[PDB]
Ligand SMILES: COc1cccc(-c2ccc3c(CC(=O)O)c(-c4cccc(C(=O)O)c4)oc3c2)c1
């Protein structure tokens with residue numbers, strides 16, 4: 001077959017029930033995730049190939065960056081609660097990996113302030129129990145699939161993308177086949 005279990009994707013031994021249709025995990029400390037987001041724009045290219053209105057979920061992970069890595073998961077929960085993901089994704093990636101000016105929770109907060117999020121607005125969400133639940137959601141999702149590495153993408157909580165089975169000769173070709181695989185899986 002053109003698509004085969006173990007080539008472009010893998011099947012989860014224990015399927016996860018009720019998971020998001022398309023769920024990808026990432027870390028602002030993850031170098032591959034930087035390439036995925038800023039150079040390849042994988043998520044946006046996957047979204048453009050799925051049926052309009054499909055649910056695309058993106059969660060941060062804890063297992064990179066120790067203390068800061070957990071602050072970034074809470075900061076991503078803040079971004080999700082306020083709906084400012086598209087405003088802080090770039091500066092956070094570059095703050096951590098390009099300029100390396102993000103070394104504390106306050107430095108993370110600076111990115112939101114510079115992005116236009118009001119100070120009181122950010123601090124209220126940071127300490128809100130809505131955000132604490134969003135943090136638990138992200139952790140539960142990663143735990144459900146026994147996530148040990150990022151970047152990663154799962155489809156309907158049963159199939160896991162295998163980026164190792166694609167050609168990296170061409171930036172655009174790699175993205176296209178990745179997105180086509182997600183489409184194929186979502187139609188399974
Ligand atoms: C077209 O030019 C470019 C320009 C910028 C980046 C890339 C590029 C190429 C190859 C990969 C691979 C697979 C591999 O390492 O073989 C991964 C990856 C993804 C998720 C998890 C893991 C893991 O194993 O944890 C690895 O990300 C890649 C990114 C290519």
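Residue numbers (the entry's author numbering): 1 to 188.
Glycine included, every Cβ here is placed at the ideal spot set by N, Cα and C.
Query raised in the report: Curious, which full-length beta strand (DSSP E) runs of at least 3 residues does the segment 3-78 contain?
Result: 9-11, 22-26 and 56-60
Query raised in the report: Does the Cβ of residue 152 lie closer than 7 angstroms to at least one heavy atom of ligand 1?
Result: yes
Query raised in the report: Which residues bound the alpha helix (DSSP H) around residue 176?
Result: 171-186
Query raised in the report: Going straight from the alpha carbon of residue 152 to that of residue 23, what length do you get?
Result: 8 angstroms
Query raised in the report: For residue 104, which of 124, 98 and 67 has the nearest alpha-carbon?
Result: 67
Report task. Could you name the residues that DSSP lists as bridge partners for residue 191? Result -> As displayed, the chain neither begins before 1 nor continues past 188, which places residue 191 out of reach and without an answer.
Query raised in the report: Can you tell which of 172, 87, 165 and 145 has the C-alpha that lies nearest to the C-alpha of residue 189?
Result: The question about residue 189 has no answer here: the residues shown for the chain are numbered 1 through 188.
Query raised in the report: Is the distance from the Cβ of residue 150 to the Cβ of residue 43 below 8 angstroms?
Result: no
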